[PDB]
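Asks: Give me a 3D structure for the following:
(4 chains)
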Amino acid sequence: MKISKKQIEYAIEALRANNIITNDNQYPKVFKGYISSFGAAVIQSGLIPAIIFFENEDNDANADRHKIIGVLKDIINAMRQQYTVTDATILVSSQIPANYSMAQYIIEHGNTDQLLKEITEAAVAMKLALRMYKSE
Amino acid sequence: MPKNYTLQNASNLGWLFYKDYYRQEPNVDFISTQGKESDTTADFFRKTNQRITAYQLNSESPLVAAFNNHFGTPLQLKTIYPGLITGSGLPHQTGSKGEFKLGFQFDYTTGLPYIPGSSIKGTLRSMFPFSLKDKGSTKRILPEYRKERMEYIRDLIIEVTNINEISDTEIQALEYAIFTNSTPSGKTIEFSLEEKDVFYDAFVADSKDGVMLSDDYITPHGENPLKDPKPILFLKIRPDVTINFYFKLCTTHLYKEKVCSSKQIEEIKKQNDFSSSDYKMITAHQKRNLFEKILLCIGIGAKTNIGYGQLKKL
Amino acid sequence: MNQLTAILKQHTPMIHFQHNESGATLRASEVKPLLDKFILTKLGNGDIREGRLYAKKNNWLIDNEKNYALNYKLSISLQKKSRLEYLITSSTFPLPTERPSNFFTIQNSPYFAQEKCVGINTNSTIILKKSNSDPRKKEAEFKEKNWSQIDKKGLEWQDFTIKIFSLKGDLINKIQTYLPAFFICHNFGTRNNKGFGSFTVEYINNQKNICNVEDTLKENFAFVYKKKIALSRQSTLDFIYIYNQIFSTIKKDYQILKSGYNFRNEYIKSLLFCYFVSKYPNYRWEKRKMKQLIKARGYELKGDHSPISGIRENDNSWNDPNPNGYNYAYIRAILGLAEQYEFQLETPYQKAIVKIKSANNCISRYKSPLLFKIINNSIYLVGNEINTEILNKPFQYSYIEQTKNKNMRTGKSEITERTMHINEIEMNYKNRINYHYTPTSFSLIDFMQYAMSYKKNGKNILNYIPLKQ
RNA sequence: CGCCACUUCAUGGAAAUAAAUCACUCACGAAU
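Replies: Numbering: from 1, shown residues only, chains lettered A, B, ... in the order given. Structure as follows:
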């Protein structure tokens, strides 16, 4: 599991687009804990429980931790945008619709290993991209 | 099936807790905010919790018998109320009602609740003086920590063994021999295979007439007394459950405030410049008694400051 | 030393939600957090911020910057595992002539939470049945399975042990001095402000403690009142008689303070209502305006007596003078914030439910600021100043009409709700001085001075001795 | 005495740190 520089570029662009990393090139410090906790939750509980926990918006958290799910969605869409025609025969190279619940998407698409590897790689890339920058 | 865990008719408790817990049933809907609070979701999680908490363990279990055959004679202690929590930090949470929101340490292969040997080793080392690392941050609390723990350990050693005086350097050497198998400076002592102190994983051995798992509540009332508290539900090991503590301990020889090997100590004995004043011995039985006293004093697991994880003699 | 061992005595039963286990006792998960606050408060001589600086200096805190937690371990274990199990309800009911030897009943209590456990429901612990004899007595049956599956039980234990361990010797010595006062000043359980969970320290490290509970209560509480409760006891004997009389008295006296007593030729006005009429703003019951507004839509409210409007021997009016209007506020909120009010419409299957929700969604609950302590069969009513945050805050009332469906060919069918029946409500009346808003001035010491000095027919309604006013 | 319930269901911190990072022997031998 090697994180390519293109995945890290996707992570940086997604983190900027979802208003986690401001124009000052700083981020709220709680988001590194959010990303680490999501990484641990995926491997301990599972993809569905972790995404459900991190995707809800009625939480009593300091910051908008539901934005890491949007960052994941953007990274996965960017990765699927560069799937070759040969990949598209085995791999579902279809953009996640957006405005769609990510948990709903994963439930509807079975529980294929493809989504699990994609989300694991995207979470690691998000972690590294956040480590590229500075806490507020 | 529901009770008497066994190897022929059971579901893996860890599997039930982690992978099968949030199984997608035809009509459950804990994705939505409305469905997370619904009675259907609460009933689903109640049924799952009842399945998890319905298993008991017999004393004559082939699983625990195999553990005894592999790791040696267990040290048997009992859990008192409220019980025992381990692995509390493992992520098990979605935001639903009736759900277990704290992690639990389950053996992967057997599914039995267990305390990993690293937890036991750390809990035993915590009451030895030389467990806090000499760091810039820890420098301000290092001296008091060492003083308190060294007095406690000195009293425990005098109580357990027939040693009349033990010095601070002797306590340092003994702790580093037990937990690091090394000199306090970092050097190595040429030890035999049987001269290693091993801390195996503790296991649940007997539930007797009840189940070995139960559900408990912590309700943190906030700093604002006018706002509603949040109930948190978690999984605990029931009171009066036998815990088997497996160790592999050797005899530690101390000559002139340094730790000696067995061949070293025999060679020193045959020397004519040998005195019994500066030779000290603590045997495996005495080490086990000392560990037992430490465990009965501080307990093991999570939330031990508020009574969770306190142990009693069988 | 490093280990502090104490033996605790129980004066009133504790309502435990984990009664199922035979080892169930006082939970250290609520004793240690409260004891940490108590010790820090006494370390700073009445304040908590200087006390934590004292513990910060002495390295007694687990974290020096975040919390109040002190570095010690708490372990509460039962010595002898035999319990006395109590059923605590608010309604009197006949006693079954078939019970386990440890089953006891507290009949008239301030614990209105398991009222469904006595009645017709098949899930009830005691099943009430009309007498096969003259239809006046009622028969009670003990359902053992329903008893086992009850959420909260009243448990009283023989003397048990609280064990405190810390390698910090100086912390233990301070805990020793404050531990007896902590148990005299705090109650534990699910109704602890009403008297459930009274424990006292008897032996500390095998040394008997001589602690004056009256003096201990004086230092820690702003006012302390003691009740001259007759004992009779036959001759000691029944603790159930003593328990039932004490808890019946507490409910009667508290219900005289908040709301009133309406049973016989006897009627006692709410002393809280009486207090607010006698002060300058001259606030009146929010219950007055709800009753007025519900009567406005021609709902026949049950009762032959018009709502009271003042203090005098009788002021039985349905109207509020004429030139101005009576000044209204949420009176009983400062003495315990309820969730809904029922008003018992005329037809004996329908009633009005008014629901309080708080406009800003900022006040969800309010614990009673009054603490009832029962030490050695003596009732002590203590307290401090109320939370000033509750004063002057808005509340939204949802008026709901509820008619209990006339049974079914199954069971009761109370899903026949009704939309919020239309009422002319106020928005910002009298410059936010209305029955929506809690009063802007209240002192508990002033209120309790008025309450225990209040006389009807030359006798104090609440017969209490003013130990500290 | 009769009747009767509603409410709340996780946040914050720690997310790797240090020791060892190649060592010794042979570095051409014999015949031509």
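
Asks: Which parts of the chain are strands?
Replies: Let's take chain A. Secondary structure of chain A by DSSP state E: the strands cover A:26-27, A:134-135.

Asks: actually it's chain B I care about, not the one you picked
Replies: Listed in chain order, the strands of chain B (DSSP E) span B:75-79, B:114-115, B:198-199, B:202-206, B:213-218, B:232-237, B:242-245, B:247-248, B:252-255, B:258-260, B:279-282, B:311-313.

Asks: so which of the ones you listed comes closest to residue C:146?
Replies: Nearest to residue C:146, of all the strands of chain B, is strand B:213-218, at 20.5 Å by Cβ to Cβ. For the C-beta atoms, the positions are set from N, CA and C on the backbone; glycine is no exception.

Asks: and that closest one, which strands flank it?
Replies: Under the criterion DSSP bridges, strand B:213-218 sits next to strand B:232-237 (antiparallel) in its sheet.

Asks: before we move on, the earlier item: can you tell me which of the strands of chain A is most buried?
Replies: Among the strands of chain A, the stretch with the highest mean neighbour count (mean count of other Cβ atoms under 10 Å in any protein chain shown) is strand A:26-27, at a mean of 17.

Asks: Residue 45 - how many residues pack around it?
Replies: No chain was given, so I picked chain A. By other Cβ atoms under 10 Å in any protein chain shown, the residues close to residue A:45 number 23.

Asks: You answered for a different chain; I wanted chain B.
Replies: If you count neighbours by other Cβ under 10 Å, residue B:45 ends up with 21.

Asks: residue contacts, it?
Replies: B:96, B:97, B:98, B:99, B:100 (Cβ atoms under 8 Å, 6 or more residues apart in numbering or on different chains).

Asks: Most widely separated two among those residues?
Replies: B:97 and B:100 (11.6 Å).

Asks: ok, those two, which is more surrounded?
Replies: Between residue B:97 and residue B:100, counting by other Cβ under 10 Å, residue B:100 is the more crowded of the two (20 against 15).

Asks: Tell me which residue lies nearest the centroid of chain B.
Replies: Centroid check for chain B by Cα atoms, centre = their mean gives residue B:120 as the closest residue, at 3.9 Å.

Asks: Tell me if residue C:45 really is in a strand.
Replies: No - residue state for residue C:45 (DSSP: H, G, I helix; E, B strand; the rest coil) corresponds to coil; a strand is not indicated.

Asks: Could you check how far it is from residue C:350?
Replies: To residue C:350, residue C:45 is 58 Å away according to Cβ to Cβ, to the nearest Å.

Asks: Pick out whichever of these two has more residues nearby.
Replies: residue C:350 (16 against 9).

Asks: my read: the more buried one touches residue C:404, true?
Replies: Yes - contact status for residue C:350 versus residue C:404: in contact at 6.8 Å, counting by Cβ atoms under 8 Å.

Asks: excluding its backbone neighbours, what's nearest the residue nearest the centre of chain A?
Replies: Residue closest to the mean C-alpha point of chain A, counted by Cα atoms, centre = their mean, is residue A:72 at 1.7 Å. Nearest residue to residue A:72, sequence neighbours excluded (Cβ to Cβ, 6 or more residues apart in numbering or on different chains): residue A:122, at 5.2 Å.

Asks: repeat for residue C:343
Replies: Among residues not flanking residue C:343 along the chain, residue C:352 sits closest, at 4.2 Å (Cβ to Cβ, 6+ apart).

Asks: So what are the sheet partners of the helix or strand harbouring the one you found and their directions?
Replies: Using DSSP states H and E, residue C:352 falls within strand C:350-356. Its sheet considered, strand C:350-356 pairs with strand C:340-342 (antiparallel), strand C:397-403 (antiparallel) by DSSP bridges.

Asks: And it, what's buried?
Replies: C:350, C:351, C:352, C:354, C:356 (16 or more other Cβ atoms under 10 Å in any protein chain shown).

Asks: distance between that strand and the chain's centre?
Replies: Mean C-alpha position of strand C:350-356 versus that of the full chain (Cα atoms, centre = their mean, to the nearest Å) differs by 22 Å.

Asks: Which helix or which strand is home to residue C:423?
Replies: Residue C:423 belongs to no helix or strand when elements are defined using DSSP H and E.

Asks: Distance check, it against residue C:339.
Replies: Taking Cβ to Cβ, one finds residue C:423 at 19 Å from residue C:339.

Asks: higher neighbour count, these two?
Replies: Counting neighbours by other Cβ under 10 Å for residue C:423 and for residue C:339 shows that residue C:423 has the greater number, 15 against 9.

Asks: Check whether that one really touches residue C:293, as I assumed.
Replies: Yes - assessed by Cβ under 8 Å, residue C:423 is found in contact with residue C:293 at 5.1 Å.

Asks: Check the contact lists of those two and give me the overlap.
Replies: The contact sets of residue C:423 and residue C:293 overlap at residue C:399 (Cβ under 8 Å, 6+ apart).

Asks: returning to what we had before: which among the contacts of residue B:45 are in contact with RNA strand D?
Replies: B:96, B:97, B:98, B:99 (Cβ under 7 Å from any atom of the strand).

Asks: Skip the chain neighbours and tell me the closest residue to the closest residue to RNA strand D within the stretch 201-314 of chain B.
Replies: RNA strand D sits closest to residue B:228 of the stretch 201-314 of chain B, with a gap of 3.6 Å, by Cβ to the nearest atom of the strand. Leaving out its chain neighbours, the residue that sits closest to residue B:228 by Cβ to Cβ, 6+ apart is residue C:364, at 4.3 Å.
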